[PDB]
Amino acid sequence: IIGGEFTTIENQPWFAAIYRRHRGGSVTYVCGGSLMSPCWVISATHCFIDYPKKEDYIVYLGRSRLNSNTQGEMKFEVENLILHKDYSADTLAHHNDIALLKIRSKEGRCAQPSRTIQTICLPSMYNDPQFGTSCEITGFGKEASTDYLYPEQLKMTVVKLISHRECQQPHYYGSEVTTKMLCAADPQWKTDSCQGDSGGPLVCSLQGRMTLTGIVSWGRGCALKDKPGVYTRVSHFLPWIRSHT
Amino acid sequence: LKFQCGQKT
Ligand SMILES: NC(=[NH2+])c1ccc2[nH]c(-c3ccc[nH]c3=O)nc2c1
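Shown next, in the form of structure tokens:
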């Protein structure tokens, strides 16, 4: 996250950290995710497309730090890895960039509710907040695009939703953004999501709840002017999610 | 105990 504040999982108790193992001895962070229900985490397909070997990923819940432990964390394995079929990566965009991971702990259970582990709400069919709404994003991604390492402490920031009309302006992203995406930016282009934040949540308040409105998907640079962050529009994938829950 | 999506406290 560029800008933002450092935080603790208690402030984002539905955030999931996904890592990959290289038996060599290291586990490296891959992307973030969000807890939908006790056994299901939702993230972005582009995070797994290149190494779709479920057996090599680990998911953690209740984690405030990237490589150190947090008391209250839960470790899980990926029982099912559902990538979207018709996922496409072009020059910038990722289409149908949503993925589901069914998790299981070494004891055989799914997540248990704690002050650091909670689920996030899903929107209703094609229901979104209106542009202007402030939403928050959270993650362990880069703090500057020139960094080659990720922060050890979790971060969060607030961004606002902008219209497609504004995001599809020729000098923003043109028609690379579709109705199945949402764009969110900082009025003063100071904070934003970046590389390492993919998969994590864009949460906004809808109908009085905190809902997962989008999934961090792509963007040109990080916190650049006229280059908003693009998120997968969860509200338009409800059927897809449902057939696998 | 049980989940309540969206609730932080
Ligand atoms: N501007 C954004 N909101 C944004 C979001 C996710 C990104 N992911 C990446 C990225 C950069 C390089 C390699 N892989 C990535 O996912 N850049 C990103 C930028």
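In order, the protein sequence lines correspond to chains V and S. Under UniProt numbering, residues 179 to 423 are what the first sequence spells out, in order. Under UniProt numbering, residues 164 to 172 are what the second sequence spells out, in order. Cβ atoms here follow ideal geometry from the backbone N, Cα and C, with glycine treated the same way.
Residue i - containing alpha helix (DSSP H), residue span
i: V:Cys-345; result: 342 to 345
i: V:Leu-244; result: Note, V:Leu-244: premise wrong, no alpha helix (DSSP H); not H, not E.
i: residue 136 of chain V; result: Nothing can be reported for residue 136 of chain V: it is not among the residues displayed for chain V, which extend from 179 to 423.
Start and end residues, beta strand (DSSP E) containing residue i
i: V:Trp-396; result: 387 to 396
i: V:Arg-199; result: 193 to 200
i: V:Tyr-350; result: It is not in any beta strand (DSSP E) - V:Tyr-350 carries neither H nor E in the DSSP assignment.
i: V:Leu-360; result: 359 to 363
i: V:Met-214; result: 204 to 215
i: V:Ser-221; result: 218 to 221
Minimum Cβ-Cβ distance from residue i to chain S less than 8 Å
i: V:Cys-313; result: no
i: V:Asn-189; result: yes
i: V:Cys-299; result: yes
i: V:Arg-287; result: no
i: V:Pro-291; result: yes
i: V:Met-388; result: yes
i: V:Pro-216; result: yes
Option in the options with minimal Cα separation from residue i
i: V:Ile-227; options: V:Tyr-207, V:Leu-239, V:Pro-191 and V:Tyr-265; result: V:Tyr-265
i: V:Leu-270; options: V:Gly-378, V:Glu-354, V:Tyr-304 and V:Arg-241; result: V:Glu-354
i: V:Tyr-197; options: V:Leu-279, V:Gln-346 and V:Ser-215; result: V:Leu-279
i: V:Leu-380; options: V:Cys-400, V:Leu-259 and V:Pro-307; result: V:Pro-307
i: V:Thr-357; options: V:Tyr-304, V:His-200, V:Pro-191 and V:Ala-267; result: V:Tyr-304
i: residue 170 of chain V; options: V:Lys-231, V:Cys-288, V:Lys-253 and V:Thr-248; result: The requested residue 170 of chain V is not part of the displayed model; chain V covers only 179 to 423.
i: V:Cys-217; options: V:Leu-402, V:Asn-258 and V:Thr-311; result: V:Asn-258
i: S:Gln-170; options: V:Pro-417, V:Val-412 and V:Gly-386; result: V:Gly-386
i: V:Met-252; options: V:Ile-187, V:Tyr-350 and V:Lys-320; result: V:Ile-187
i: V:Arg-199; options: V:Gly-182, V:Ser-221, V:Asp-234 and V:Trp-192; result: V:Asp-234
i: V:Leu-239; options: V:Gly-378, V:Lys-338, V:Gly-399 and V:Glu-314; result: V:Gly-378
i: V:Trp-418; options: V:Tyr-207, V:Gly-203 and V:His-262; result: V:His-262
Cβ-based burial, residue i [other Cβ within 10 Å; buried from 16]
i: V:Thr-223; result: buried
i: residue 178 of chain V; result: What is shown of chain V runs 179 to 423, which leaves residue 178 of chain V out entirely.
i: V:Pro-348; result: exposed
i: V:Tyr-229; result: exposed
i: V:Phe-184; result: exposed
i: V:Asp-375; result: buried
i: V:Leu-327; result: exposed
i: V:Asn-247; result: exposed
i: V:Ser-302; result: exposed
i: V:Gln-249; result: exposed
i: V:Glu-285; result: exposed
i: V:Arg-241; result: buried
i: V:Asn-274; result: buried
i: V:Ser-421; result: exposed
i: V:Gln-366; result: exposed
i: V:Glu-330; result: exposed
i: V:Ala-363; result: buried
Identified DSSP bridge partners for residue i
i: V:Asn-258; result: V:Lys-280
i: V:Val-336; result: V:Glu-314
i: V:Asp-264; result: BP columns for V:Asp-264 are empty, so no partner.
i: V:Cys-382; result: V:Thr-389
i: V:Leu-239; result: V:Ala-194 and V:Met-252
i: V:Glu-233; result: DSSP output for V:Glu-233 lists no bridge partner at all.
i: V:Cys-299; result: V:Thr-389
i: V:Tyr-409; result: V:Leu-360 and V:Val-394
i: V:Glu-183; result: V:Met-334
i: V:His-273; result: V:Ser-266
i: residue 426 of chain V; result: Any answer about residue 426 of chain V is impossible in this case: the structure gives chain V only from 179 up to 423.
i: V:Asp-370; result: V:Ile-180
Interface partners of residue i on chain B, CB under 8 Å
i: V:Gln-296; result: Protein chains in the displayed structure are V and S, and chain B is not among them.
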